[PDB]
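Next up, final_10.cif (mmCIF, C-alpha atoms):
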data_run
loop_
_atom_site.label_atom_id
_atom_site.label_comp_id
_atom_site.auth_asym_id
_atom_site.auth_seq_id
_atom_site.Cartn_x
_atom_site.Cartn_y
_atom_site.Cartn_z
CA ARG A 163 64.87 151.52 109.88
CA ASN A 164 67.65 150.31 112.18
CA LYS A 165 68.87 147.38 110.16
CA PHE A 166 69.48 149.07 106.82
CA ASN A 167 66.89 148.52 104.12
CA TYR A 168 66.69 144.99 102.75
CA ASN A 169 67.07 143.91 99.11
CA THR A 170 64.46 142.02 97.11
CA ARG A 171 65.41 138.86 95.25
CA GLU A 172 63.81 136.39 92.87
CA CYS A 173 64.27 132.75 91.96
CA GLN A 174 62.07 130.23 90.20
CA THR A 175 62.58 126.63 89.16
CA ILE A 176 61.94 124.91 85.85
CA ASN A 177 58.42 123.48 85.58
CA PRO A 178 57.82 120.88 82.84
CA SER A 179 54.39 120.59 81.26
CA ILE A 180 51.94 117.75 81.88
CA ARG A 181 50.70 115.98 78.76
CA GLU A 182 48.15 113.19 78.38
CA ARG A 183 49.04 110.69 75.65
CA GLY A 184 47.69 107.17 75.27
CA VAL A 185 48.79 104.38 72.94
CA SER A 186 47.65 100.91 71.96
CA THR A 187 49.03 97.45 71.37
CA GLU A 188 47.14 94.84 69.38
CA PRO A 189 46.69 91.07 69.64
CA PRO A 190 48.99 89.57 67.00
CA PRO A 191 47.23 87.67 64.20
CA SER A 192 47.17 83.92 63.68
CA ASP A 193 46.48 81.51 60.84
CA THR A 194 44.38 78.34 60.77
CA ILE A 195 44.77 75.93 57.85
CA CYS A 196 43.97 72.29 57.15
CA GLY A 197 45.90 69.75 55.09
CA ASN A 198 45.65 66.05 54.29
CA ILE A 199 48.36 63.36 54.45
CA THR A 200 49.80 62.14 51.16
CA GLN A 201 50.88 58.66 50.13
CA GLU B 1253 64.20 175.97 83.48
CA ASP B 1254 67.36 174.03 82.62
CA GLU B 1255 69.09 175.45 85.71
CA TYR B 1256 66.52 174.35 88.27
CA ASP B 1257 66.11 171.08 86.36
CA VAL B 1258 69.76 170.10 86.79
CA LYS B 1259 69.49 171.33 90.39
CA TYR B 1260 66.51 168.98 90.75
CA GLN B 1261 68.37 165.95 89.40
CA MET B 1262 71.32 166.68 91.68
CA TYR B 1263 68.82 166.84 94.55
CA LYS B 1264 67.43 163.50 93.36
CA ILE B 1265 70.76 161.66 93.53
CA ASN B 1266 71.32 163.41 96.87
CA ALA B 1267 68.09 161.88 98.17
CA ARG B 1268 69.18 158.53 96.72
CA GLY B 1269 72.44 158.56 98.68
CA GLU B 1270 70.78 159.86 101.84
CA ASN B 1271 68.15 157.12 101.77
CA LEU B 1272 70.91 154.60 101.05
CA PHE B 1273 72.75 155.63 104.22
CA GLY B 1274 69.49 155.97 106.18
#
Go through the file and emit its structure as C-alpha cells.
Amino acid sequence: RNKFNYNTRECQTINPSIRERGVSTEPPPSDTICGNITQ
Amino acid sequence: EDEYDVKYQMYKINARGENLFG
C-alpha cells in the first residue's frame, strides 16, 4: 500500500525418516567334558 | 477479435506494470 508490495519466499530443511529396528546378541556356547588321568 | 485480443494483452501488461509501481 505504502511500502511496496512484499514478495513471498519459501525454504524447508531436510527431514530424515524415523525407523524402528531391533537386533539381538546371544550368549556364547560352552562345552563340558570329563576325562580321566592316565598312568 | 484478434485486434481487441492483442489490445487486451497490452492492457494486461499495462496493469502489471501499474500494479508493480503502485
Mind telling me what the PyMOL selection byres ((chain B) within 10 of (chain A)) catches here, as a PyMOL selection string? chain B and resi 1271-1274
Expected axis-aligned box over every listed atom of region 1259-1274 of chain B, 6 Å added per side, centre plus edges in Å to one decimal, as lines of an AutoDock Vina configuration file:
center_x = 69.6
center_y = 163.0
center_z = 97.8
size_x = 18.2
size_y = 28.7
size_z = 28.8
Can you measure CA of residue 170 (chain A) to CA of residue 1269 (chain B) for me? One decimal in Å is fine. 18.4 Å
Missing atoms in region 1255-1270 of chain B: fill them in up to N, CA, C and O atoms and send the result as a PDB file, in the frame of the given file.
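Now in result-v4.pdb:
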ATOM      1  N   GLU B1255      68.342 175.297  84.466  1.00  0.00           N
ATOM      2  CA  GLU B1255      69.090 175.450  85.710  1.00  0.00           C
ATOM      3  C   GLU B1255      68.426 174.704  86.858  1.00  0.00           C
ATOM      4  O   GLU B1255      69.045 173.851  87.510  1.00  0.00           O
ATOM      5  N   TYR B1256      67.163 175.032  87.147  1.00  0.00           N
ATOM      6  CA  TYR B1256      66.520 174.350  88.270  1.00  0.00           C
ATOM      7  C   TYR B1256      66.247 172.892  87.960  1.00  0.00           C
ATOM      8  O   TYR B1256      66.124 172.094  88.894  1.00  0.00           O
ATOM      9  N   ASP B1257      66.232 172.497  86.684  1.00  0.00           N
ATOM     10  CA  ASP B1257      66.110 171.080  86.360  1.00  0.00           C
ATOM     11  C   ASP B1257      67.355 170.308  86.770  1.00  0.00           C
ATOM     12  O   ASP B1257      67.260 169.249  87.408  1.00  0.00           O
ATOM     13  N   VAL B1258      68.538 170.808  86.404  1.00  0.00           N
ATOM     14  CA  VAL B1258      69.760 170.100  86.790  1.00  0.00           C
ATOM     15  C   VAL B1258      69.942 170.163  88.307  1.00  0.00           C
ATOM     16  O   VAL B1258      70.419 169.200  88.929  1.00  0.00           O
ATOM     17  N   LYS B1259      69.547 171.283  88.926  1.00  0.00           N
ATOM     18  CA  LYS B1259      69.490 171.330  90.390  1.00  0.00           C
ATOM     19  C   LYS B1259      68.603 170.215  90.931  1.00  0.00           C
ATOM     20  O   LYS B1259      68.947 169.561  91.922  1.00  0.00           O
ATOM     21  N   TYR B1260      67.460 169.985  90.287  1.00  0.00           N
ATOM     22  CA  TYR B1260      66.510 168.980  90.750  1.00  0.00           C
ATOM     23  C   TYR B1260      67.086 167.578  90.640  1.00  0.00           C
ATOM     24  O   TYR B1260      66.891 166.749  91.535  1.00  0.00           O
ATOM     25  N   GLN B1261      67.793 167.283  89.548  1.00  0.00           N
ATOM     26  CA  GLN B1261      68.370 165.950  89.400  1.00  0.00           C
ATOM     27  C   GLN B1261      69.518 165.719  90.375  1.00  0.00           C
ATOM     28  O   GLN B1261      69.686 164.611  90.910  1.00  0.00           O
ATOM     29  N   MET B1262      70.326 166.757  90.617  1.00  0.00           N
ATOM     30  CA  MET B1262      71.320 166.680  91.680  1.00  0.00           C
ATOM     31  C   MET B1262      70.659 166.382  93.021  1.00  0.00           C
ATOM     32  O   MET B1262      71.111 165.506  93.768  1.00  0.00           O
ATOM     33  N   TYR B1263      69.580 167.103  93.335  1.00  0.00           N
ATOM     34  CA  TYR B1263      68.820 166.840  94.550  1.00  0.00           C
ATOM     35  C   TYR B1263      68.297 165.411  94.585  1.00  0.00           C
ATOM     36  O   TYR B1263      68.232 164.786  95.651  1.00  0.00           O
ATOM     37  N   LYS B1264      67.930 164.872  93.423  1.00  0.00           N
ATOM     38  CA  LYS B1264      67.430 163.500  93.360  1.00  0.00           C
ATOM     39  C   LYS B1264      68.507 162.493  93.740  1.00  0.00           C
ATOM     40  O   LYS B1264      68.258 161.592  94.552  1.00  0.00           O
ATOM     41  N   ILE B1265      69.705 162.616  93.168  1.00  0.00           N
ATOM     42  CA  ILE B1265      70.760 161.660  93.530  1.00  0.00           C
ATOM     43  C   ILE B1265      71.222 161.901  94.965  1.00  0.00           C
ATOM     44  O   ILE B1265      71.654 160.965  95.655  1.00  0.00           O
ATOM     45  N   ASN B1266      71.112 163.144  95.447  1.00  0.00           N
ATOM     46  CA  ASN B1266      71.320 163.410  96.870  1.00  0.00           C
ATOM     47  C   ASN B1266      70.375 162.588  97.725  1.00  0.00           C
ATOM     48  O   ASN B1266      70.803 161.927  98.682  1.00  0.00           O
ATOM     49  N   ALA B1267      69.079 162.646  97.417  1.00  0.00           N
ATOM     50  CA  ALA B1267      68.090 161.880  98.170  1.00  0.00           C
ATOM     51  C   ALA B1267      68.366 160.386  98.062  1.00  0.00           C
ATOM     52  O   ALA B1267      68.176 159.641  99.029  1.00  0.00           O
ATOM     53  N   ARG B1268      68.816 159.937  96.891  1.00  0.00           N
ATOM     54  CA  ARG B1268      69.180 158.530  96.720  1.00  0.00           C
ATOM     55  C   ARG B1268      70.268 158.127  97.713  1.00  0.00           C
ATOM     56  O   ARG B1268      70.123 157.137  98.440  1.00  0.00           O
ATOM     57  N   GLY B1269      71.365 158.888  97.756  1.00  0.00           N
ATOM     58  CA  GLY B1269      72.440 158.560  98.680  1.00  0.00           C
ATOM     59  C   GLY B1269      72.024 158.659 100.136  1.00  0.00           C
ATOM     60  O   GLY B1269      72.418 157.833 100.969  1.00  0.00           O
ATOM     61  N   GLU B1270      71.218 159.670 100.462  1.00  0.00           N
ATOM     62  CA  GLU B1270      70.780 159.860 101.840  1.00  0.00           C
ATOM     63  C   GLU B1270      69.889 158.714 102.299  1.00  0.00           C
ATOM     64  O   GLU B1270      70.004 158.234 103.432  1.00  0.00           O
TER      65      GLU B1270
END
